[PDB]
Amino acid sequence: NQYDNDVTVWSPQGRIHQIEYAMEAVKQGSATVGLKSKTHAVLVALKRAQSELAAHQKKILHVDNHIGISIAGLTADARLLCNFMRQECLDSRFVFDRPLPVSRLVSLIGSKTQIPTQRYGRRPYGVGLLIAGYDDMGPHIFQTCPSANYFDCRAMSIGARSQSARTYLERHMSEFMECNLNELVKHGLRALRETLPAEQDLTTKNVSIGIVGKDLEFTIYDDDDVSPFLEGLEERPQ
Amino acid sequence: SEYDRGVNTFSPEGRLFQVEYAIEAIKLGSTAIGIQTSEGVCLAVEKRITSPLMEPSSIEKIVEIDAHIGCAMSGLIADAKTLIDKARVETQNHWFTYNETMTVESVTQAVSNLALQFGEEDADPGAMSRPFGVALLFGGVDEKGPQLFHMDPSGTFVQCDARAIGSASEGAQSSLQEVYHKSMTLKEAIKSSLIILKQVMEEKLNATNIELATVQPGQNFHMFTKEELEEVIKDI
Amino acid sequence: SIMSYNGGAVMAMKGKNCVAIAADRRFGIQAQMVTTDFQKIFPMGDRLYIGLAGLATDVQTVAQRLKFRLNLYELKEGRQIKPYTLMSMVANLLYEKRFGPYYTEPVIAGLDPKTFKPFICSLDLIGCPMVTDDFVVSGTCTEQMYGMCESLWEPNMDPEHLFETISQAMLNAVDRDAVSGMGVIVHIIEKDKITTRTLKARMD
Amino acid sequence: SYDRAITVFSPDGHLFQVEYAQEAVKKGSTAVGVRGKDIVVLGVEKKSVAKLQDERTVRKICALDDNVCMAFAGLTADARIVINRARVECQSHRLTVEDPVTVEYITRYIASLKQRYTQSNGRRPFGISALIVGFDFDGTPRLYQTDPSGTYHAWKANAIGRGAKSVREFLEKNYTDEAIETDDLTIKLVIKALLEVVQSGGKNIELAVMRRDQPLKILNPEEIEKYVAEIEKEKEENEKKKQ
Amino acid sequence: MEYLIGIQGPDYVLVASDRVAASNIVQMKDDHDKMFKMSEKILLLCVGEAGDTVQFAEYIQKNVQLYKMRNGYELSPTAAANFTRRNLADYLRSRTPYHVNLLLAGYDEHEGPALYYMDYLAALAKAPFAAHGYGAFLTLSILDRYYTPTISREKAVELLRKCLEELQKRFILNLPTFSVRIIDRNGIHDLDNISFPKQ
Amino acid sequence: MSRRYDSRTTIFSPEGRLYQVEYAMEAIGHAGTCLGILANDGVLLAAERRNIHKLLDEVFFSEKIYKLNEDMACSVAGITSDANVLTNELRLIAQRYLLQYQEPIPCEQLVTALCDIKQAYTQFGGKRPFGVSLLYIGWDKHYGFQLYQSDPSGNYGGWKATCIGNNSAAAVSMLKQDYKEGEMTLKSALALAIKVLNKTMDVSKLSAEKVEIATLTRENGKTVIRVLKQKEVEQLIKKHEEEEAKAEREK
Amino acid sequence: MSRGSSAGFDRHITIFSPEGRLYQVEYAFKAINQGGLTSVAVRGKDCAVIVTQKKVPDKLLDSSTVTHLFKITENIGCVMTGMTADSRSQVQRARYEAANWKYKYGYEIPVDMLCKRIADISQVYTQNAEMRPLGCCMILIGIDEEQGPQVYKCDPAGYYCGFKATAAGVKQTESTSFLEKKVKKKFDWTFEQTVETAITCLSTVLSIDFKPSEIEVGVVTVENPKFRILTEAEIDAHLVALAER
Amino acid sequence: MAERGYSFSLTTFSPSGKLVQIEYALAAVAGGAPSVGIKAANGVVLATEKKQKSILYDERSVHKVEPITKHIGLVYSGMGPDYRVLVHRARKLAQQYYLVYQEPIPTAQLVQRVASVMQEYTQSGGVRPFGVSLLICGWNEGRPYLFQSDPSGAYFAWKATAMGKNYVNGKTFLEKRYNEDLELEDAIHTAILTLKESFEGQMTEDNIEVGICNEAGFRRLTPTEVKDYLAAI
């Protein structure tokens, strides 16, 4: 139709269709879950392999010693945004000699990604981000969207089939805050597993875990460092 | 018809139309195969010569990015020229600044950062007007050993044990999946690459129809001469 | 100092129905003479001439740029430029370089097209025009030229008297200047003909 | 400041502007290049002779440098732009490198310029194809072809423009080491290939020859007519003696 | 300081230049060519500030050769001299000025031989003979004394030898060898170097 | 925005054609006839005057013929104000060459520079092309007397005799039949021009106020460019009428 | 061509129709009426008066901020009609232009010069395609020392003119005919007569008896050139005087 | 907000070879108020009608006959605000010429520069052509000049011409009334009669504007002078 090609065209219903299509771009990606306790923020990303002979695509990126992200949607847009966030964190450490507070970084992201939603010939970023951070206010989980809106969350899941993960997180959100690190990671892993097909199970090949905490700088566990977190997982309840 | 939408319009399914069309353009390219073993990476491309009067040596579908990194391309080669030039410049820049060889992954990342830098508005004059119509296989040897990376016009790059790009990449990929095991040797990798290329090539496979190159730990990028090509092909 | 780098002297003088313009012919660099036939007087029309003194490089540059602009003017307008208009064009060209000036001081001698009334003027290096009714001088020996012209000039001279007056003024003025001379060229512009002469001059 | 994207991908993976530039090439007069042992020969069809036109002004064969020359098919004015850019590049290469260009270097430069015009905002691709011949410092004869998309290849012999498919079929059936053993045989091969598509039997042929270490040479109509008479004599001899 | 000299005959131009490249007190090179061949019948002789000379001369050479390629005919020596002067004058007031002194020797099929003098300020003069350097102060008077317009090329070479011998006798600098070229209707010809080999 | 209102002037058509250039050529075909003829002792332009009206003030120099420098002149067909733009550009190019080399610009170089400007408008910028075809006559020391023709596409070519504008194809047929290479003089060339204009201007009879003729010749090492007076064109037309009448009487 | 002919994009961008019209400018003139209000300006012998309709439907709206009367300088006043945000942008531009004119030339801008400047700025919108014209009309009043009171009107087309009296908005045709009748029977217009004429024109074309809160009045006089907006007390005094007669 | 205009042409060639936007600008001109120019032996008269749509309009506030220099006058037919743009540009061009050459610009030169501006608007990006035709009068070298400049950027020199409504009939009337050797007073009478041919209703000294150019310069006629001329007719 005539209203669904340009990001500068309002539809007669008060919507912008290009922004919703970028939202669909985020929904096409593989699932990822983020949750926080009193002291830790955990991202667990289900990685997807294009072929049987390919490595699983990286989903968790370093931003700074206290901030990491997991991505859904267009990977190159995610790399653009990650470079921007890294530059902001380095600017903060250069000027103020302090780590940039997470919510200020998320505000900068929202400001940067709102601009192309109003200018002709631009497009929205087609990437959704889960941002795990730790600062003076404790742990933080943030969700950023192609619409440039962002949410402070107790827990969140984005990507394909993320509604099941969101239901599980709804169920155990009351438990999350008093969990220790291993229990929190296991909650995230169960939520991520709820988005899997029946045949597929969580393995050290398709699971990536990012953790940040009070005394713990942001760390990524990919293949063999994931096994201690996978050990002890009960079989899928079905 | 083609100017109704801008180059940066999302489809209702969340895909950029132009990126999808470039992906479709790559299916018209000649087939390239990369195999990563523990002893090195092998790359093999069908030259796809159209006329007897054309000189096959003037087709360069495998190029040296650096002494330790080579690149096979599929799709629109003229588009791949600028990406390859950028890769060479980035490797030399990294050597100039840090006095060391760039890893294969960081070179692939640098090249992939260019894939979506196209647009009509909010651009400098002469900036890219469309995505590149190429798929690249980077094969190199760095401190992490031998590595093979696939890059596509969407800007996604992935590590691969073995991969086929081009026109027959589906059947060739299925053949790669049965043939490839982790402890494969480089000689077996080269032989299996040539077998699959012979299976999928429309023409008969001789020492002039194909390019084959290897990167190994301790040996630079090496493009197989036609005598070596005939040595390998003699028993297929 | 800069204006005296190459030497040179130009003079224009008004007659009854005629003009005269004369220049020395030496091209030299400081004390060393290089050539003795350097052109300093350029035609800008059938009855219009501009003489340039100062840096030889700026003499050549300004003559060529003025020829550029004058040719464009005479193509856009199907007429020959008037001497007053040429003076204004030269002044505009010089003032465009107010802070990076060309080191030349032009002298313009001509007859009005369709009127044939004599016109002479001089300009400074940044293009301040000065129209006189008797004579204008420019170059490295303007004091000597002023002495000669103030003594010898008379109103309503016929072209032969004008030639003798401007010739004697130029010869005796450049005989008294170290970096000018090596010959004098005189143009007499009347309405029906132009006479060019080279004077017998000292060559030291 | 005009920043429109003119060359874009179509849903089937095609760049329609590049294909249309190729169709513009296909409407140009035929050009044939043959690479010999000691000689490279270029030959261009003249689609019509106006009989009032100054020939020197409409030549389709031009020298890029002392050792490099090119013919083209397609749009003449685009060809003029490309040729001037290549000439500037050849001079700058003689300056920054103290040697002349190889044929492949200037071919690469031309091809990359064309590719840039297929992928930059606010401009359409060039509508020409080029045959570039010359000799390297090693004395090797070189023949290359560039197309509007920006791809270039090396050829033993090639044809571009209208009717280039039949001329290429003829060259594939005819190009041989024995057929290029001498310079005269190479020239006759070029003229025979052109005669497969041109009318009036050799009055519509412009022919140029580059020999090793020698500047570009243009055959005057007398030499072309003498070669055509030789070719027709050989045709008659073969027909009568074999039949 | 580097020496240039040109003598224009009725149908030829003879040019010579010193072959010394010096830095501080040491002759670094003793066979240094200061002549640049713009075209088949044009020579540019350039002296002056190090770096400036070759940059400007090669820029001019590139442009003259490009003109020949674009147009199919060559620039005349007068046109080339004026192009050189215009470029030098434009550079004079720019951010990259060239401190070069030039002789342009040329032969035109219609205008005959031509010799042009250009100082670093980009004043262009046409001269029957000219010289550049401190050694010009010692040889211009000899040229004034012995030159005639009808001088033959062998008499021209002898007169040049007189000038160079005067340079040997009186000039404080050691200039032992000179490159000599002649331009005529048949193009540029390299004559034997005029040398004064110290025992 | 831009995209939906953009005319796309500088893009290829599916057949490999440039539509705006072809339509500019149609505009050229509409305009008044200009003819160029080269002889051994000069060259001439003869243009049909389309500004014919009794209330029009007499033209200053010429309606369609523009001097470009001391040695060259041109005639235009197509859009008039576009032709004004182009003639100003040509004068600037010639003076730039004169400033650079201190010699007059050769004719082909001037034509080539203007044609490069035209081609640039055909390839990038999204602007419409110039709707002007030009005839150039000139003299230079390289090739003597020269006649050139240039199109809105930026193509140019040299000619012995050529025509642009209204009925240019019939005029070209006349020229092919009647022009004699290597033997034309300015008198015979003027006679041929009068006959060609008689045929091409079929609706309106040849009168001296309907045509403008300019000749370029050499005198004493100077180039002389002169538009013929009305009486001279009247005499040429009278001579042509006498020639036609006597040729009829013979037949 | 044909009456009301259209070709291409002449209904969407400011390009000529086959009849030579600019449809977007006409649509902007309709945008003026979209506001739904009407204003009248009348020139006296020693004064100029602008009276605009003031409508405040709801009590939640602070009435003091609902004005179409603005002061451009101390001595120049204006009434705006049409789209409110376009009107306020034009008011800001007019204030800037006046201040800059005073700064550059050292005396206050004449009313006709300010009107001409605004009109030039809007003609630019009529000739450039990437922006729409403003949907507002500006009426300026002031006192020129040489020529007395001045009423000038500029419209979206870039057309401007001086008026003896003028109107803008929904009922401006009826208002113009009423003012034509009043100006034909020319009698010496004092300040009171000018104000009453403006108010009675508005009240007769809107077919309502007015209240001091329903209209807004601004005046300039020769005695007091400064532009001043009448308070509700002065307006009620004028309304009482008009009602008794 | 984004201040970038369109960079593509809005006037392009039709398949028949015409630029339809310029023809539509000419249609706009042909719908304008009648204008007449007559070049007499010793001057030029430019007469236009300005019939206001109401008596509420101040006739003296706006002028259609405008001075460009002390020796050049302008009048138009078509769209008034476009005319104001062109008047401002012509005044600036005349001043720049005077600044370079220190003499008043010849009429033909100013006409050429104004026509160049109009052509620019026929070709540049994102603009429509001007919708006016200009009649330009001047006195130079003891000689009167009358030019007409069209929206395409083409200009013509005229002895007498008419623009706007009924301009074909006005041209016929002029060519059957105009003769050489005419004086300025008789040319003024003829111009007023040409306006009267297409005028509707009564013509008064306020319904029309008249400017004259002679050796004394260009000036607008005061309504009293126009009333005297109308009484003479």
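Chains as they are written, first to last, in the deposited numbering: chain F, 4 to 241; chain E, 6 to 241; chain J, 2 to 205; chain D, 2 to 244; chain K, 1 to 199; chain C, 1 to 251; chain A, 1 to 245; chain B, 1 to 233.
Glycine included, C-beta positions come from ideal geometry on N, C-alpha and C.
Enclosing alpha helix (DSSP H) for residue i [first to last residue]
i	result
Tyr24(F)	20-31
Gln244(D)	Here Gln244(D) belongs to no alpha helix (DSSP H), and DSSP marks it neither H nor E.
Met25(C)	19-30
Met1(B)	Looking at the DSSP string, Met1(B) is not in any alpha helix (DSSP H), and its letter there is neither H nor E.
Option nearest residue i by Cα separation, candidates the options
i	options	result
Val229(D)	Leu186(D), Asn85(D), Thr58(D)	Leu186(D)
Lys41(K)	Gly48(K), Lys62(K), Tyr12(K), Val20(K)	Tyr12(K)
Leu103(K)	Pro77(K), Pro176(K), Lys198(K), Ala89(K)	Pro77(K)
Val139(E)	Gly171(E), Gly39(E), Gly75(E)	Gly171(E)
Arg177(B)	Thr161(B), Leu19(B), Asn166(B)	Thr161(B)
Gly9(K)	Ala79(K), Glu109(K), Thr150(K)	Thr150(K)
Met174(C)	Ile225(C), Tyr136(C), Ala161(C)	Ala161(C)
Contacts that residue i makes with chain B (C-beta to C-beta distance below 7 Å)
i	result
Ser2(D)	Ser7
Partners in chain C for residue i, counting only beta-carbon separations shorter than 8 Å
i	result
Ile7(D)	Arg8, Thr10, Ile11
Beta-carbon proximity check, residue i vs residue j, cutoff 9 Å
i	j	result
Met4(J)	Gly52(J)	no
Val137(J)	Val108(J)	yes
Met35(K)	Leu173(K)	no
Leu172(D)	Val33(D)	yes
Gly32(C)	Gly17(B)	no
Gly148(J)	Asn93(J)	no
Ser113(D)	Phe73(D)	no
Boundaries of the beta strand (DSSP E) in which residue i is found, first to last residue
i	result
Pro144(B)	144-149
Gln164(E)	162-164
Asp147(E)	139-147
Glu63(C)	Premise fails: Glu63(C) is in no beta strand (DSSP E) and is neither H nor E.
Residues that residue i contacts on chain K, provided the C-beta gap is smaller than 8 Å
i	result
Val89(D)	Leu66
Partner residues on chain K for residue i, Cβ-Cβ distance less than 7 Å
i	result
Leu96(D)	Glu58, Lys62
Within chain D, partners of residue i - CB distance below 8 Å
i	result
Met69(K)	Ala64, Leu65, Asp66, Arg88, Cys91, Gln92
Chain-ordered neighbours of residue i on chain B, where CB pairs are closer than 8 Å
i	result
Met90(J)	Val100, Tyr101
Interface residues of chain C facing residue i [CB-CB closer than 9 Å]
i	result
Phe163(A)	In chain order: nothing, as chain C lies at least about 37 Å away.
At 3 residues or longer, what runs of the beta strand (DSSP E) sit wholly inside the segment 119-152 of chain F? 130-138, 141-147
Could you tell me which uninterrupted beta strand (DSSP E) segments, each at least 3 residues in length, are contained entirely in the segment 95-157 of chain K, listed from first to last along the chain? 100-108, 112-118, 124-126, 129-132
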